[PDB]
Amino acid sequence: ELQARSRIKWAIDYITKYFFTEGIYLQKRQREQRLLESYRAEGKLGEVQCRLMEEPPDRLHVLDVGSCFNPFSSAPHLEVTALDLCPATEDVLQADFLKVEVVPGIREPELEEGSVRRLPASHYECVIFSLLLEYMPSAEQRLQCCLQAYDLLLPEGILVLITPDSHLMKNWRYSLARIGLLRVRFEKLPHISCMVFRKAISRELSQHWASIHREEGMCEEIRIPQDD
């Protein structure tokens, strides 16, 4: 029995609205298509390749990284693959996410010696990093995780990012835009920030947005307060 008003219920509700009950993936699609027209009209971008999602399937492919106990798996039409460095429950796969390869053409996790080594590229409507990134040892490795999430997501799929409290979020927005993830939601919950980043229709589009909004002194990586 999940806690109401938790990060878990927030994410389930957002995922449902984004893919089914509010068609947010289409709203943001139109927004990105307008942004691309504006950039082309200013000569800042040429013809770029766009990749669009098809109508979402009823059962969404969801990857829960750092899952611990698979809280999302009973949520309606989420087909959850849950990974954790130290699984707490038997339905969570053991994996160090930093050592996972993203492989096109496979359709399920591939394990060696009980540890996930390979995950299907461009396969998941949604990737969830709920309180995960602050356990990574470096800002480089936090970015690495999001780069892998990018390769794992279908076009217009979403990376759900939940992180504790203690701006740095402006820099995260810039750094993720640089690699093709545009932020589409930010909400404060008790003691946490809840964010969603979308695999934009075009990586080059997102890259150019990031270029326009780069501020002095902000870095490429994903820092946390305890980087000092």
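All residue numbers are counted from 1 along the displayed sequence.
K.L.:
Can you say how many deposited residues have no coordinates in the span between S166 and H167, choosing none, 1 to 3, 4 to 9, or 10 or more?
P.N.:
Per the record, 4 to 9 deposited residues are absent between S166 and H167.
K.L.:
Tell me which stretch has the larger mean Cα B-factor in this entry, 96-104 or 112-120.
P.N.:
Result of the comparison: 112-120.
K.L.:
Please work out which of 183-191 and 44-52 has the higher mean CA B-factor as recorded in the PDB entry.
P.N.:
It is 44-52 that shows the higher mean C-alpha B-factor.
K.L.:
Go through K28, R59, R178, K199 one by one and give the residue whose Cα B-factor in the PDB entry is largest.
P.N.:
The C-alpha B-factor peaks, among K28, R59, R178, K199, at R59.
K.L.:
Between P87, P155, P71, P76, where does the Cα B-factor run highest in the record?
P.N.:
Among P87, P155, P71, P76, the highest C-alpha B-factor in the entry belongs to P76.
K.L.:
Grab the CA temperature factor for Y135 from the record and place it in the lowest, middle or highest third of its chain.
P.N.:
According to the entry, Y135 has a C-alpha B-factor in the chain's highest third.
K.L.:
Lowest, middle or highest third: which one holds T21 when the chain's residues are ordered by CA B-factor from the entry?
P.N.:
Highest third - that is where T21 ends up once the chain's C-alpha B-factors are sorted.
K.L.:
Taking the C-alpha B-factors as the PDB entry records them, is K170 in the lowest, middle or highest third of its chain?
P.N.:
Its C-alpha B-factor belongs to the highest third of this chain's values.
K.L.:
Please rank the C-alpha B-factors of the chain's modelled residues and tell me whether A11 sits in the lowest, middle or highest third.
P.N.:
Lowest third, going by the recorded CA B-factors of the chain.
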